[PDB]
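Structural characterization, general
Listed here are the chains, written in short residue letters.
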Amino acid sequence: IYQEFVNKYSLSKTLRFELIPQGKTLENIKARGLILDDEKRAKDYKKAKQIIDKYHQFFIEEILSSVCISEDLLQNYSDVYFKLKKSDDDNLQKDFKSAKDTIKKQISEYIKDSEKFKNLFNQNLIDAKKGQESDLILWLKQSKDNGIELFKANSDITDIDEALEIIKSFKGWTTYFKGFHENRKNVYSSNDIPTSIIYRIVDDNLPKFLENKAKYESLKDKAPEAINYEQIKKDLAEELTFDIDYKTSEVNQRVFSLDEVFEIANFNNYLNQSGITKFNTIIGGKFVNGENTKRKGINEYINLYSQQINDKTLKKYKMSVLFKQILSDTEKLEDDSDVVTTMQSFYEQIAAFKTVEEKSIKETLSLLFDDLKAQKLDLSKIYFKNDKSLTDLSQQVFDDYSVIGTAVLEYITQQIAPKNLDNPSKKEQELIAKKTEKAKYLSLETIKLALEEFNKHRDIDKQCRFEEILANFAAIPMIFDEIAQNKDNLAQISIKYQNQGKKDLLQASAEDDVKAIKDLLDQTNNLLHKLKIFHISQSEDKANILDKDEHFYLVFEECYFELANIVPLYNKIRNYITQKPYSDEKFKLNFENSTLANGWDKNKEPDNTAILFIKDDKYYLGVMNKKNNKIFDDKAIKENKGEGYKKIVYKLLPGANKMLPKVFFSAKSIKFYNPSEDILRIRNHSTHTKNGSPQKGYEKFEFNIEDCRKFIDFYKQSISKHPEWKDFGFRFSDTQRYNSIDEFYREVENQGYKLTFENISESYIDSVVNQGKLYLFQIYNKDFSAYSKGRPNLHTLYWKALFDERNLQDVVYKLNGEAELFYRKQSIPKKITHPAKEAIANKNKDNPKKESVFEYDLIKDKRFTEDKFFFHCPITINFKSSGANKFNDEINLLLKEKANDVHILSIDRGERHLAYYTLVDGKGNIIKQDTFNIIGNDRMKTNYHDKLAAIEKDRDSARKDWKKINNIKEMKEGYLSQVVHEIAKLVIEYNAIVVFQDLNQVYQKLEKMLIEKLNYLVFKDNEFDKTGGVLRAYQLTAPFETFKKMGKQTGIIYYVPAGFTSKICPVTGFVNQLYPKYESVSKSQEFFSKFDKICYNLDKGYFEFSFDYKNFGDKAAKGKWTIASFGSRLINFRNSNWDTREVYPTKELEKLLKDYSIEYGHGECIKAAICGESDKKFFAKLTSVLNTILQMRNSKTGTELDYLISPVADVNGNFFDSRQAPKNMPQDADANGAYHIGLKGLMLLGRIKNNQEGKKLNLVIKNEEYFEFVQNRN
RNA sequence: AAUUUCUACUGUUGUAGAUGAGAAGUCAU
DNA sequence: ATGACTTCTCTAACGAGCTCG
DNA sequence: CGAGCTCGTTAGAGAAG
């Protein structure tokens, strides 16, 4: 049970709303320029960061290159890594810490004491102080306007002279940058973070630079290669000027060599980005636009050394690639003109695209398509590939299914011809061990050798040979004339889409015009489908030449090589019409205020300028204007103490590490608080802390419990003297029972939150709104109306419990600050598409109602058709008792008293069902069992595989007229969200824990949506502030960190290994790990000799193969089987007509062993009759029998009929077909695919109810443990 | 086809569920 | 071209700096 | 020039598979 598992840790939601402009606020908002003069700010703030991160680049350009030389200590780090990468010892894993925290401090002390660093993260960046010049404009004007570096030209901003007009226009706005001057302290950081530029060099360039020099001098062994220092260094000459030197001393102008490279003392050259562009250039190889190919590189000599030997081990000493530096850069057609201008420019390349013979596409290619029609030329210069592309010939001209496509394989796979069988069933789970290269190729002479034998199989001599199709291009020049005739009809849609910044072609008004270009995309659409019939892919078997000539394939690449832009264009404007209309920017409203609502707090209300209100459960926002911002001071509230709205007194104490030593020990009020001798002594040297900083100008001494618990005693003598903070009613614990400073601030910030209500009369608000000294908005969604028949959302079941009375008894929902306001521009013209009162037809066919009346109108989507405000407002749930470390471990200690009580869930994947839960109790007897297609079971009961069953057939829409709007691209993710609720209502109600598939696409995004969707879980129609309510409710899972470190247990969703659950009988537990494969005739006979007795059931009427696995070596498991030949089993085949051909077990044997000299009706061992039999035709159709004597899952044309059968009997002597099963066994081919996860997981409650005193107990399953366990619940 | 936004709906100027937001950062099925 | 995954804050009050007093 | 004075810093605790 989970009834004691409430109130565990702190979250950070973001309740979002829409703001309704009430009174006449939006008259005033458009009266002054606060939206027109917005989004030239808030779309240049987001364009300011190409005038600051074009300065963080140029800063790192001169803090790591010329300077910051961590010289010769790299040899100290070289020694602590090569010896460490074999051995994990305390002699060196803590000396791994040595040059870890030495090189960074050798760097970061040069970072934090540098030239431009100090005046970078304050006001001195943009505009500093009166008379002085700030660093950025000093950089931009006095270094970059004078020294003209034309690098603003490579962006959307025109020049530097306009760029300065942005920078001056942020004067006064430099606390609107507390989200962007947060992500630059963590670029020059020095910490355990994966973000910095110092983590980049010290932890992910240097430890992958030691691997580069260790495998460079090993490459100097067996090195005869013509590396460019042996022949020519003019190639990498200007690229390797190298006016510095970090080996001995800097030389003016000499060019380095390969001796300088990979030196441990020359890594100081290879630190920043300007130099990873020279490390990974000598390794990489530069391009030259002087009619040159790619010049020679180091790993282009490991290919030039392989001209002498073809070693697989030759490539293992190549050069890797170091990463790119943080924030440096090298130096989705959503434009409506580019849909027409691309093909309009692409249409112009036909007359300008010429061949190699000095003629045009028509001036030379016209007569070339009418000369070799007799096939007199060498038509054997072709090379195909027999993987997927071979079916286009017979599927294009023969119109067959499994006849012409199966006549190339047997002649090609029998090259070396080591083989006897096929059809590999497992296949689980590995790719390769060392290497494997064999054995086949692709060409056209095998088509002459495999189809030419069938060319003479007809009666008459006018059949289909391999050479009777050479005249397919008799009008190759005239075929382009059809696309040219469809070019004159483009000026209308080009006139209809003449606007650039509109995106006004994929609207509903251009619905009929979409056939003007989608049907216009048919003249070049199908030709590209046939355009791949003149060039094979790179399916070469290590000798990809194929005898390429230049006679027949001379002018093909000169004209047809330019035809790939239709694949670029038609493959580029697919999602342009597919995409739904959103077309916004969703930009932050400021209301002319760098701090719009950082915090809703009373002493700083005239600078956040944002107030909330309450009137009869309709929640309000109030944004004051800045010029009138003291209009709710203490004066104008004592006057207007009337009745009307309510008003919010949100009083806050944030950062008790940052606050209580801010007021008590600073220059304004230290004398009134009067610190003593002993108490200021402690805070001088940080004596009350374990890692706390001292006052700067001291040194960190020891922690003392005596010099900490007396320092907590100071704080009970200065908060009470603070003029306001005495009113919180702090009630601390006794200072004998405070352990340190961490267990004291858990009783400051868990009480520094007071929320009271002081009434404001309505008539006072209406005056200042109409005058303009407020902006009153309304907090609104579906759940705030009188048209609320039933259940609310969660983002309104929360907001109605921020301001609640029962919230403020003891706070479990703390309003946070930091919030913003957003304004979305409109993108949809309102066209109604459902007029008044008429009959409207449904779309759910599971409905006891077929029509709809609807007096009013219903527009397509009323969201985007209205210019709406938006308000995002964070909270912090379980604010007073946060923490919950070791939360995987804490829920496991919950279970130990709770044995014999908690039932177990289970969830598959699939596409036959989509999931299949099964509530397994402690003893395998399942309680519930239901699918997840019919879900949403209130009374509507919609169905979900059936909706996919046409969107499984989605690959038809965008092909003809380029019109695909059918929602695969979001429905995938969205089905799972309904499931999340429905998993969860079972979890709590059945005292249930959850298992899953471990996964050691939307194939893990369900499991994503049960971690962060059981952070905190709340049932809407549960009793308020009762055991699972909205205040006190269920937190069961620790949050999501990664999918990788998700681990075996991320809460109560355990995991079991994915393999061997879907082929198992429930009552006994067989798996066919034995793989009958038929290598050869006698090479199967030793398998049949290993059986116990292949007798017959004269008493029953079916064969049986008694067997034990241990006489074969794999090894699977241990037990006397006696498998049988009972149930009717189905076999699929090549569908296209042939998808089901049912084969009986016993009838197929009695046809076959009776056909040979084997008599069997007596009923004893028939070993030596089979073992003595030695026919080619016998065993090939006998191992295939036992292949399908054990194929326990059977479809019919799966789906719609996919039941369960099972060979093996039991102690009852009974088999198991699913149609004669009771309820407490599985039912389908995914229900047995889920029930074993539902008892592989049951021993994860077998371990945890019996966990050691040693509290480590891993949750990994070895396969033999399960394979024994399931067989032995009996 | 109505939404704080997304999917699915008629569940009737909405019902049932879902929900963490901004701005950066590297990098890969 | 989407999914990965590492990081910030989720903020009141003091105090340098300011326009004048 | 002490009031004022509006906007930017600045006070800096703590578990670790």
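Residues numbered from 1 in each chain as written, not as in the entry; some residues may be left out. Chains lettered and ligands numbered in written order. Heavy atoms only, no water. Residues with missing side-chain atoms left out of burial classes, pairs and counts.

Quick look at the overall build of chain A
The helix and strand tally for chain A stands at 45 helices and 18 strands. Principal axes of the C-alpha set define a box for chain A whose edges measure 110 × 85 × 85 Å. (Helix = DSSP H or I, 4+ residues; strand = E, 2+ residues; numbered from the N terminus.)

Quick word on the packing of helix 39 (residues 1145-1152) against helix 41 (residues 1176-1187)
Helix 41 packs onto helix 39 with a crossing angle of 165° between their chain directions and a minimal axis gap of 11 Å. Here helix 39 is positioned roughly antiparallel relative to helix 41, judged by the angle of their axes. Where helix 39 crosses over helix 41, the two elements pack in a sense that is left-handed. Here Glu-1148, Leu-1149 and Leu-1152 of helix 39 lie close against helix 41, whose contacting residues are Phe-1178, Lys-1181, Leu-1182 and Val-1185. (Axes fitted to C-alpha atoms, helices over the stretch in contact; angles between N-to-C directions. Parallel < 35°, antiparallel > 145°, perpendicular 65-115°, else oblique. Left-handed = near helix turned anticlockwise from the far one by under 90°. Contact = heavy atoms within 4.5 Å.)

A short note on the environment of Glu-585
Topologically, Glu-585 is positioned in the loop between helix 24 (574-578) and strand 2 (587-589). Separated by 241 residues in sequence, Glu-585 and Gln-826 place their C-alpha atoms 10.0 Å apart. Not counting the four nearest positions on each side in its chain, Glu-585 is found in contact with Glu-39 and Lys-825.

Observations concerning the pattern of salt bridges
Charged atoms that come close allow side chains of opposite charge to pair. Its salt-bridge partner being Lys-710, residue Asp-678 comes within 3.4 Å of it at the nearest N-O pair. Here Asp-678, found in helix 29 (residues 677-685), pairs with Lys-710, found in helix 30 (residues 706-715); they are 32 residues apart in sequence, far enough to count as distant. Its salt-bridge partner being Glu-866, residue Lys-868 comes within 2.7 Å of it at the nearest N-O pair. (Salt bridge = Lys/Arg side-chain N within 4 Å of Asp/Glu carboxyl O.)

With respect to the domain arrangement of chain A
You'll often see interface size given as the accessible area lost when the parts meet. The domains assigned to chain A are domain 1 (338-578), domain 2 (590-652 + 756-876), domain 3 (656-751), domain 4 (885-1062 + 1230-1274) and domain 5 (1070-1226). Between the C-alpha centres of domain 1 and domain 2 the distance comes to 59 Å. (Domains from an automatic or database assignment.)

Some details on the packing of aromatic side chains
On the basis of an interplanar angle of 40° and a centroid distance of 6.0 Å, the ring pair of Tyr-77 and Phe-96 is categorised as tilted. One end of the pair, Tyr-77, is in helix 3 (residues 74-82); the other, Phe-96, is in helix 4 (residues 96-111), and 19 residues separate them in sequence. With a centroid separation of 6.0 Å and an interplanar angle of 80°, the aromatic rings of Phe-117 and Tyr-188 are classed as edge-to-face. Of this pair, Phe-117 sits in the loop between helix 4 and helix 5 (135-140) while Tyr-188 sits in the loop between helix 6 (160-168) and helix 7 (198-204), and the two are 71 residues apart along the sequence. Over the face of the ring belonging to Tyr-45 we find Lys-49, whose NZ or CZ atom lies 4.7 Å from the ring centre. (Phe/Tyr/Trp six-rings, centres within 6.5 Å; stacked < 30°, edge-to-face > 60°. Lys NZ or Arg CZ within 6 Å of the ring centre and 35° of its normal.)

Quick notes on the pairing of strand 8 (residues 776-780)
One ladder, built from four bridges, connects strand 1 (residues 15-21) with strand 8; its direction is antiparallel. Considered in strand 8, the bridge of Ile-20 is made with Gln-778. (Pairing = 2+ DSSP bridges.)

Concerning the environment of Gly-599
Along the chain, the position of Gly-599 falls in the loop between strand 2 and helix 25 (605-608). It is 16 Å that separates the C-alpha atoms of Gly-599 and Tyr-620, two residues lying 21 residues apart in sequence. Once residues lying within four places of it in the same chain are set aside, the contact partners of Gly-599 are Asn-608, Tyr-650, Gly-817 and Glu-818.

A short note on the pairing of strand 10 (residues 820-824)
With three bridges joining them, strand 2 and strand 10 adopt antiparallel strand pairing. Within the sheet, the bridge partner assigned to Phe-587 lies in strand 10 and is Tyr-823. Bridge count between strand 10 and strand 11 (residues 868-873): five bridges; the pairing is antiparallel. When the sheet's bridge partners are listed, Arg-824 is paired in strand 11 with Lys-868.

Some thoughts on the side chain of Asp-707
Along the polypeptide, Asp-707 turns up in helix 30. Among the polar contacts made by the side chain of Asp-707, one reaches the side chain of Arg-681 at a distance of 2.9 Å. (Polar contact = N/O pair within 3.5 Å; in protein donor to acceptor, adjacent residues only side chain to side chain.)

Quick look at the packing of helix 3 against helix 4
With their axes 8 Å apart at the nearest point, helix 3 and helix 4 run at an angle of 150° to one another. With respect to their mutual orientation, helix 3 and helix 4 come out roughly antiparallel. Remark: the crossing between helix 3 and helix 4 carries left-handed chirality. Only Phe-96, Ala-99 and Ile-103 of helix 4 make contact with helix 3, whose side of the interface consists of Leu-74, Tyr-77 and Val-80. Looking at the contact of helix 3 with helix 4 residue by residue, the class counts come to six nonpolar, no polar and no charged. (Nonpolar A, V, L, I, M, F, W, Y, C, P; charged D, E, K, R; others polar.)

What to know about unusual backbone geometry
Omega for the peptide link from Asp-1114 to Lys-1115 comes to -5°, which places this bond in the cis form. Residue placement: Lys-1115 occurs in the loop between strand 17 (1104-1105) and strand 18 (1123-1124). Residue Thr-1199 is reached from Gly-1198 by a cis peptide bond, and omega for that bond is 25°. By the element assignment, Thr-1199 lies in the loop between helix 41 and helix 42 (1232-1235). One non-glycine residue, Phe-262, lies in the positive phi region at around 65°. Here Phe-262 shows up in the loop between helix 9 (228-231) and helix 10 (276-282).

What to know about the environment of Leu-1017
Mapped onto the elements, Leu-1017 comes out in the loop between helix 37 (1005-1011) and helix 38 (1082-1089). In this structure the C-alpha to C-alpha distance between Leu-1017 and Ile-1053, which are 36 residues apart in sequence, comes to 15 Å. Every residue in contact with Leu-1017, bar those within four places of it in the chain, is listed here: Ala-984, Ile-988, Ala-1033 and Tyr-1034.

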